[PDB]
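Below is one structure, written out as C-alpha cells; the observations come after it.
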Amino acid sequence: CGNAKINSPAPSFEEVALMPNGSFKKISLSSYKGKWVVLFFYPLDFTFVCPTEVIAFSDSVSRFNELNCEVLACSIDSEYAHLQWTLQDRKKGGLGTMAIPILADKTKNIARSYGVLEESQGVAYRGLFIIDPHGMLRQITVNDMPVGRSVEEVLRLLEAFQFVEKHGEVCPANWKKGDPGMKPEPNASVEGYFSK
Amino acid sequence: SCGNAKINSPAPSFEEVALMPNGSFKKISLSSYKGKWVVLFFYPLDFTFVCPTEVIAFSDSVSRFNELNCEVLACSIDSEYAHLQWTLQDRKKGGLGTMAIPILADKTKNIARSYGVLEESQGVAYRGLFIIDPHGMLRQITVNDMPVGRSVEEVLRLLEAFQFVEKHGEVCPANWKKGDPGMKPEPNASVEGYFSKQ
Amino acid sequence: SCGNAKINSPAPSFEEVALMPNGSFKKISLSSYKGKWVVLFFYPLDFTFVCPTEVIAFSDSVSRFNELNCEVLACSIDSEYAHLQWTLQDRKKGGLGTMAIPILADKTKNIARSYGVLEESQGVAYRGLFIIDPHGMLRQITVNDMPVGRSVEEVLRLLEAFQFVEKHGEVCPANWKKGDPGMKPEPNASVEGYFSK
Amino acid sequence: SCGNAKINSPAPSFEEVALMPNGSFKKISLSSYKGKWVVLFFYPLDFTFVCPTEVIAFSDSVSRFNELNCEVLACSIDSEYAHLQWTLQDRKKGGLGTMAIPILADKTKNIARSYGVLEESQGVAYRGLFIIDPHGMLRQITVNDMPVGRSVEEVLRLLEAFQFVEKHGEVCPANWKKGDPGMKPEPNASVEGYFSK
Amino acid sequence: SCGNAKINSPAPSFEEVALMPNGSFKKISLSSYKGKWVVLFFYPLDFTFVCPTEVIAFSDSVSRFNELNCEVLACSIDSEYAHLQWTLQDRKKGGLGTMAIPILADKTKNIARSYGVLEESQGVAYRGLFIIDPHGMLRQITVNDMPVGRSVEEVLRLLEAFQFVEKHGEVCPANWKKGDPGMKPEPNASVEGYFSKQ
Amino acid sequence: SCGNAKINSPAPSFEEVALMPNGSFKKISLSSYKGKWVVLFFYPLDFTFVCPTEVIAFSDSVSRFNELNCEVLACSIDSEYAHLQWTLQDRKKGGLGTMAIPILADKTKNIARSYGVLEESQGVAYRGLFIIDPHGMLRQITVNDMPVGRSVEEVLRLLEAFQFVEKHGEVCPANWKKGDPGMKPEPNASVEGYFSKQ
Amino acid sequence: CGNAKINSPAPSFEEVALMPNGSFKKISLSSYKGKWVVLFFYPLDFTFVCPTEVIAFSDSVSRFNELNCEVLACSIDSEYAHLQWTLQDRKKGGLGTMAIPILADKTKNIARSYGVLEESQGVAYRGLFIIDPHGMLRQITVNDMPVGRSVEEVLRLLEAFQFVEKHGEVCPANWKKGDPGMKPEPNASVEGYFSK
Amino acid sequence: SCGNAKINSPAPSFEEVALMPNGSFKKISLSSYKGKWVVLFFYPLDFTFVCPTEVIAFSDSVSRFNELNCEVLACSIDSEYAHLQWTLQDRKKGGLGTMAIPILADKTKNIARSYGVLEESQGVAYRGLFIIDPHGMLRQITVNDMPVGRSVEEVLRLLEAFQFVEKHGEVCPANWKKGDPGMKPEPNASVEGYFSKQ
Amino acid sequence: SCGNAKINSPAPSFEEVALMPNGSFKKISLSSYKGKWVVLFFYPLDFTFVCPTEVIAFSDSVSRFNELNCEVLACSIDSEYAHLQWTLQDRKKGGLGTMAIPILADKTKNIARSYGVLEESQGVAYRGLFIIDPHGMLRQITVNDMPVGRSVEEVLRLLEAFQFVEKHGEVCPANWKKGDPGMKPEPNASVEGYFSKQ
Amino acid sequence: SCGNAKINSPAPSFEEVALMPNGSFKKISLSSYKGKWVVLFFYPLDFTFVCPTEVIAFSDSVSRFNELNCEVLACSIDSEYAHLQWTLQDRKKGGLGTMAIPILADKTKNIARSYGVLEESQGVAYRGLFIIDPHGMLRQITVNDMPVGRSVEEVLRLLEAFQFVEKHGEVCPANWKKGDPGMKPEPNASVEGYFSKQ
Ligand SMILES: [Cl-]
Ligand SMILES: [Cl-]
Ligand SMILES: [Cl-]
Ligand SMILES: [Cl-]
Ligand SMILES: [Cl-]
Ligand SMILES: [Cl-]
Ligand SMILES: [Cl-]
Ligand SMILES: [Cl-]
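Residue numbers (the entry's author numbering), protein chains in the order written: chain D, 3 to 198; chain C, 2 to 199; chain E, 2 to 198; chain E', 2 to 198; chain B, 2 to 199; chain A, 2 to 199; chain D', 3 to 198; chain C', 2 to 199; chain B', 2 to 199; chain A', 2 to 199. A prime marks a further copy of an entry chain.
Shown next as C-alpha cells:
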C-alpha cells in the first residue's frame, strides 16, 4: 500500500501539525517509538464525513492513551485551515476543541507514502494505519470517501495486537477483550482452542 | 494504492480454480460477480490457526451477506486439493468442515500480488479483505497482520453503509450503523440536516 | 521562462474548480476568457495574513478592471471548501466575506506549477500575478516573496499601458501613467516626438 | 521558477564585464554585492525606445536606492562598446548620456538565460527586474513585455516593504507604502492589531 | 542447463523449512549434506495422485539409499502445514502416513525455479529429480511430466553407477547394473579390457 | 527448463544432416516426425567409451520402440563423416558397426545448445535424452553426466507409461510397468479404485 | 568549418539586416541565387579593425557588383546598433553611410553555422566566405581579432573562380586577371603551361 | 571552427614523415616549431596542376618567410616516395624539382582531418593554409577550392600584420601593409590616433 | 572473415577510378567482371620496392590469366596521377613502364578496408590478393606482410584448381597441378578412385 | 584483418588438446612456440577428401620445416579421439596413418573463429594457413575454399623469403626463391643494386 507494508517500518515523516493547545509544531513519527500510533488520513477540512471521524477519534483519545497508544490525524490542508476548523462550532460543521494533533500534509508526500493519495483530486482517501512501538506497520484500513471508519473496530484491533505481543498467542475472527486466544501450533491449537 | 487495487478503480480481475461448496472444482472470474457486491478475503495458509476461524466465520454468516446482494469469496495460495482436504477435516480438529462459500486456489500467487497483500519472503497472503461493488469497483480495503483476525460484523457495517450511500446519495458518519441518519454532502444541507441536529 | 509561463507565449491552460462569487462551485478554464484581458493571481494559503488583504483588494476593485475589459481571478492550493468557509468568515476576524471574483482551488497544485510559482518544499504558491491578453498571451509577470503584498494600482497602470500600446502602436516609457504620451518605436519619430522634448 | 531564478533561493551568480559609471570597463560579479540589497534589471537592446527611459530613470534615482543600502545594476545583451557609445550619445537624441549605475554586457546571453528572461528567437532579454537581498537571495520578480516600461516608484515601495518586514518581523498587506502599519503574521495578533481595525 | 541446475556445477543452494520424519519443522540446507550423496526430488501437489505414490516409494526405500551414503529429500510448493496434514492422513485414503524422509515446503517456489522445474502457469513443480554428489555437484537430472511417476530402481541404479565411477575411475556402459564391470576411459584399455571381451 | 527444452512445450526444432541406417547422408527435421513418438538422445563424442555402448543398445532395441509408434534418433557434435567411419568400425574395436537408427551430425552444436545439454567448456553434449510425443511436445527429460550410461529399459517403461496415460486417461504411479493398474486422477475415484486397495 | 564546407551549400539563413537606405529588412541567402556573394563577419560594432573592414568593403562594393557579386556584412550586434554606427562620423570611429547591408545575427546562429563564433566572448571571428551563384561555398578566410582582411585579395579570388567557371581551366598560385590558366589534364598542362 | 583548428586554440599537433629538402625522410612534429611562426599548407595531390605551382611558389620564397622567423611546411595525402619522385621530376614537365621546404606525407589523412580541410568523398585535402605563431596557437585560416591557387604575397602580408600586432600591442586595419600605421584598440586612443587622422 | 571479404560470399563491391593500360582514367566496377574470374591484388605504395616487381610480374603474365577467362586488377591507396607517373618511369629506374593491366586508385582506402588489408597506422594495404569467380564470389585469400612478394605461379595454380573443381565437380588435393587428377568428394568414390590408387 | 588474426599483430592465442605424433593427447599452447617459426593450418573435417592429402603432405615434409626453425601444427574442429582413429586408418583407405605433426582438436571452434576461418553455417574451418614468426607475430595469411588444396612448396618459399628478409635486411620481390637476390628497400640502393640490372 504505497510504501506502507505490513511488518515493515511505517513510512517516516516529519511535518507541521496543529496541536491540542492550538499551536503549530513539527511532529515526527520516530518520536513515537515506544508507543502504539493510530495514524488516520481524511480528505478535506470543512467537509462531511471528515469532521465526524476527527471528532470521534479526539473525543475517544483517552481510550487509546490508556493502551500506550497515541492518535494522529492528517489531511492535505494547511495548519491554518486546521486551526480555523477547530475555531468553528461543531453545530456548524466545525471540529471545536481538539484533543489530538492534526498533520498538515501540504506537500501531500505523507499520504503518497501511505499509498492513499487520490492524485486526480489531490486528496487522501480515508486510510487508517496501526503502528507498533517498534515503528512497524501492523494494520491497514482504507475507506472510499463517503463511508466513515469505526472507533470501536480500531480499539478492538489494538487490544488484539497487544494481546498477541503479551501472550504469544493469536486472535481468532471476531475477538474482543477477554475472549480466549490460541497458540499458533498444530497440537496446542487443537488441545487449547479447536476441541472446545 | 494497495498493489493494483486502488479505491475507485476496477478491482484487479482474475479467473482461478476454486473449491465450490459442493466439493467440486470450478473456475471463478471476478467479472462473473457483476451486478452484485463481493466480499473477497485472503488468508495465509490452510491448516493453520486464525485462518480457519475466519473462513468458518464468514461461511457461517454468508446468508447475511447474500440477503444484502453480496457474495463471499475466500482465497489463499494453497491448492484446490488442500482446500478440499481442509473441508473434509472436522472443525474440532482445526478443519473447515463443509463450506458455504467458494475458496480460490491462488497457486501462482498472482491474485494476492495484484491485490498487494502478498508477503514475498514467505509466499503467503496477508489478511487482506476487499469490498467490491456491483460495477466491479473496489470500495474498501482491510489488511491485517497474520496473528489478528478480522471482524465479520464490521464487514457487514461497511457493506450497509456503502449500500446506503448508493441509495440515498448521502454519506455515512464515523461509526454509522443501520438505522442511523446519513448526511447530505453539501455545505448548508449538512449543517441544516445533521450538524445542527446534534 | 517562469515554469511554462513565457512572455508572448500562450498562458498555460487549466480547467479547475473555483468558488464562484455567488458561493457555488464551478469548473473554470482559462480559454473561457478569450476575448478579455485576464489578471490571474496566486497566493499561498487561505486563513493567513497578507493573502486576505490581497484577495479583498482585488475583489473590491474588480469593476475598475471590468471597466477595461479585464477579468480578475484568484488562485491558491486550498480546496473550494476552504475558500467557502473563508468567505463566510468576517473580514474583521481575518476572512474575505462575500467575494466579487472567483477563486480557483488548485488542489493538485499543477496550476501553480505550470506558472512556475510553486514553493515545492511548502506545497504553496508564491505571490505570482500574470497579465494575460484577449488572445490568451502572457504579457506580464510579478512574483513577490511571502511577506510582501502586491499593488492593485501598479497592476492597473500596467493594464492601461498595455491597452494604450495595442490601441496606438506606441510604447510606454518607464513610469508611464494614463494621460502621459507614448513613444513611436521608430528611430526618427522617437527622437522628434519624444526624446528631444 | 524563472529560469534558475527561484524566490528564496540564491540569485543565479554571474561574473561579467560592465560599463562602469566613470566610463571604464570592469568585471562585476553578483557576489560582490553581498551585504547589500541589489536591484538587477535587464532590458532588450541599446539604442531603442522604452529601454533608454528605464536606464535613465533608475540611474537618475540611484541615490534613493543607495539611501536604503541597495545598489542598482543594469543589463542587456549588447557589448560594453555599444553601452559606451550609448552613454556618449545625447539624451535628446535617444542616448543615456553619463550613467550613475553600471551596465552589464551580457554578450553570451547566459545571464538573461539563467534569469529566465531571454526571448530566444530574438536573442534579447525581456524587461526582467530582480530584487535580491544582502544574503544574495532572490525576493521579487517583475517581467514586462517589450513595449511597457517598469516603475521606479513601485520598485522602491517593494524595497521599503522588504526592509520593513526584515526589521520588524511583520508582513506588509496589499498596497502597503512607507508609513503604513504592518501585520504580525500570527493568527491572534493579526486580528487584534490589524483585521479588527 | 536446467534453470540454474547444470551438470558438474554446484547444485542450486537453498535453506528452507521442512517437515521432518518426527513431524517437527526444521530449516534444512543443502550445504548440510556435503559429504553424502543426495537425491532431491520435486513433485507438483500434496493431496493428489502420482505424488503420494512417489513420496511413499522413496520413503519406504530410504535405507537402500542410506546404505550407499545417500540421503533423500522430497519437495513441493505446499506449506509445511499441508505436509503435516498429509502425513496424518491414511495411506489407504491417499495420505502419506509416517514418513522416513524430510519434505521441503518450497513456499516461494524459488527452489523449484532454481532447479528449472516450476510450471509457471499453474505454480507447481514437474517431477524433477536430481542426484547431487558429496561435493555438492549435480550429476544427474530426471524430469517427468505430471501423469507419469518415476522409478526408484533406476535412481538406485544410477546412484551405484556413479559411486562405481568415483571408486574405480572407470565409466559405466548403457544398462550398467550393480556387479557389472565398467571400462577404462582410454582408447587402448577400452578395447583390450572391454570392447574385445564381448 | 532445459535450455529451450521445457516439459509440455514443443521440443526445440532442428533440421540437420544425419547418417542413415543405409549409410547415406540425409537432412532430418524433427517436424518430419509428427504423428510419431520420438526418443532423441545425445552423446558427447564418437570413438569414445560409454557412447558406443549406448548408440548400440538403442539401435539393437529399435524394433521395440518402432512397435510403440516411436522413432529413435541419436545425436552428437561429430560430423556425418565421422559417424560413417564409426559404423564401419568393428564393435570389438570400439565401433558401432552398421546401425538401425539415424545419427544426427550436430556440427554447429545449436541442437545440443537448444536442448540445454552442451558442455560449453569442451563443446560436447551431455547424455541428454528427450521423449517427444506425436504432437512435438516434450514429455520427459533425462540427463546423465559423461561417465554413466542411460537405461534402454527405463526409456521403454516411460513410453509405455505415457501411452497408457493417453489411452486410458489415468495416471502412472511410481515404478509403474506394463500390466500394472493406473489410477484415475480424481479425489474419490483415486481412493475407491487405488488407495483403498493398498 | 562549422557547417560550412567547400563545395557544399553555404549554410542558409534569413535574418534582419540594416540596408543601405537606413531601413530594416529580412535578407535570406537563397535570395542571392544567380549571383556571387561575399559574406564577411566581424566581431563588434563600435570597435577597431571592424570599421576599417566594413568601410573598405562598402566603399569598394562596385568592384564586386561589376562581377555579378553582392556583398553582405554580419555581426552579432542588433540592427539598431548598426544604425547608430552608420549615424556616427567616420572620423569618430563610425561607419557613416553604407553601400552594403549588415546582418544583425542577434541569436548568433549564423556565425555558429559558419563555424566562426568565439563562444566564450559570444562574438564572430573575422570570417569571410565566397559563395557562388548556385549557393555553393568555394572559399574560406578567417582572421584572428586584430588583423584585418584584404579587399584586393578577395577580388583576386573572385576573378580566379570566375575564370575557372568560364574557361574550364585552373588558376595557379598568385594568379591575377590576365595571367594564363592551365588545363587540369596531364598532357595539356605540360603542353600549355608547364613547358613555358 | 575548422575541424579541430580553432583560432586562438593550439594548432592540432602531429608527428609525421616528411620529405626533407635534402631528399631524405624524417619525422616532423608541430611542437618542434615552438619559438617560430609556421605557415602550414595542404594541397590535394602530387603530380597534378595548381598544386606544384603552389609548392614551388612557397619554396622559392622561403627565404622571405625565414627572415621573419617563419617556417614553411607543405602537406598532402601522398606518400614520401611520391613526394621524392615529384622532386626528381623537372618543373617543365610538371615536377617540383629540388625543394627548399619539407613536405609531410599525411598517409593516414588524419593531419588533414584534424585541420578540417579533407574532402572525404575523394580522400584529398582542400587548399587549406594555416598560420601558426611561436606559442603554437592558430592565428589564421585560408581554405581554397581545388581549382584556385593561393597567394604568397597575401600570406606575407598577414604574417607581418600578426608580428606587428604582437610587437606594438596595436591592431591592423583592413588592407594593412608593412609601414602602414596600426591603431591602439582603445576607444579614445583609436579616435585620437587613427580615425581623426583620416 | 577478412574484413568484409568472406569466402563463398560476394566479394566487396566497388566502383573506382583506375589507370587503364592505355594510360587513360576510367571508373571500374567489380560487377562489370561478372562472367569472368578476377584476380584483385593490393600493394602498399607506388614508387617503392616489392610493389613494382609484383605489378610488373602480373602485367607481364596477363595473357596466362586471360587464357583461363581471368582478369587481373591491381590496387593501391595512391592517386591515379601517381599511377600514371609510375607507368612513365623506366623499369630500370624502379618504374612500371607500360602496363597490361588496370590499376585502381583507392584514394579513400575503403576498398582496402572492405577487403580487410589496410594497415591503419600507416594507411597502406598489405599485399592482399583475392580470387573472385564468375559469379562474384570470393574463393581465395592470400595476404603477405610488406617485405615478401607474392607468387604468380601459385596464383595460376590456384586459378586452375578452381576451374578444374567447377568443371568436373571434383576436389583438388594438396599440391595439385594442371594435369593432375582430382577426387570425387564422396566416401566410396574417393577410396576406389583416389586413395587406393597411390 | 582475418577475424582477430591481423598481419604484424600477435597471432591469436590458444591452448588446446592435440593428438601428438606419438599417439598421446597433450595440451598445446601457441605461446609454447615462441622462439620458433610456426605454420598453423586448419582443415574442415577428419575423414574427408582434400584434408588428409594436406595433413599428410605437411607431415611428410615436416623435417624441411624443422630445418628452418619452424614447427607445423594442424587443426580441425574434430575431437582428439577422431584424430587418433584417423591416424589408425590406412592411407589407402583415406586415412592419415601415423603422423609426424600434432593435430589440434578445436572442439569449441574458438580457435578457428579467432583466426577468421570458421564457416558458421556448417561449423567447420576453411583452409586457413598462418605463418607466425618467433615473436608470435602473424606474417602471412592463406585461406582456400573447401575444394582446393594448399601448396607445401609455396609455404616453404614464403618461410625462406621471410627468413631472408630478417637476416639480410632486404626485401623479396615477386616470385623470389632461395638463391635469388633481395633488394635494399631504399630509393637509390634499390635502383643501383636491383632495378638497373633488369
Ligand atoms: Cl491480559
Ligand atoms: Cl434503506
Ligand atoms: Cl484613450
Ligand atoms: Cl522605520
Ligand atoms: Cl493398454
Ligand atoms: Cl575572360
Ligand atoms: Cl616594426
Ligand atoms: Cl642466407
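Note that CB positions come from ideal geometry on N, CA and C, so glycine has one too.
With burial defined as no fewer than 16 other Cβ atoms inside 10 Å of the residue's Cβ, what is the status of B:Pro182: buried or exposed? For B:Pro182, the number of other beta carbons within 10 angstroms of its own is below 16, and it is reported as exposed.
Quick one: is E:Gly95 near chain E', going by C-beta distance under 9 angstroms? yes
A:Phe42 - partner residues in DSSP beta bridges: In the DSSP output, where bridge partners are listed per residue, A:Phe42 has A:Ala75, A:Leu130.
Check the Cβ-Cβ distances between E:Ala83 and every residue of chain E', and say whether any is below 9 angstroms. no
So the beta strand (DSSP E) E':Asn111 belongs to, where does it begin and stop? Premise fails: E':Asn111 lies in the alpha helix (DSSP H), 111-115, not in any beta strand (DSSP E).
Residue-chain proximity (D':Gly117, chain C'), Cβ-Cβ < 9 angstroms: yes
Provide the residue span of the alpha helix (DSSP H) that contains E:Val166, from first to last. 153-169
In DSSP terms, what A':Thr88 is bridged to: Answer by DSSP bridge pairing: none, since A':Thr88 is not bridged.
Three-way DSSP call (helix, strand, coil) for E:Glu187 in this model: coil
Indicate the three-state DSSP secondary structure (helix, strand or coil) for C':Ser32 in the structure shown. helix
For D':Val172, the first and last residue of its enclosing alpha helix (DSSP H): D':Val172 -> no alpha helix (DSSP H), and no H or E assigned at all.
How many Å lie between B':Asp107 and C':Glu120 at the Cα? Straight-line Cα distance between these residues: approximately 14 angstroms.
Is it buried or exposed for D:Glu16, if we count other Cβ within 10 angstroms and need 16 for buried? exposed
Applying a beta-carbon distance threshold of less than 7 angstroms, which residues of chain E neighbour D:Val125? Per Cβ cutoff of 7 angstroms: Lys108.
Beta carbons nearer than 8 angstroms to chain A: which residues of the region 41-70 of chain A' have them? Those residues of the region 41-70 of chain A' that come within reach of chain A (Cβ to Cβ, closer than 8 angstroms) are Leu46, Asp47, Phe48, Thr49.
Using 9 angstroms as the threshold, is the C-beta distance between A:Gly150 and A:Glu55 below it? Contact flag set, yes.
So is B:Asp181 in contact with chain C if we call contact Cβ pairs under 9 angstroms? no
Helix, strand or coil at B':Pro148 [DSSP, three-state]: Coil, per DSSP.
Is the Cβ of D:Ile142 closer than 9 angstroms to any Cβ of chain C? yes
So for B':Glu16, helix, strand or coil by DSSP? strand
Pick from C':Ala175, C':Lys168, C':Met147: whose alpha carbon is nearest that of C':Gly124? C':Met147
Residue-level contact to chain B via CB, C:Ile112, 9 angstroms cutoff: no
C-alpha distance - E':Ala101 paired with E':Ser60, whole-angstrom precision: 5 angstroms
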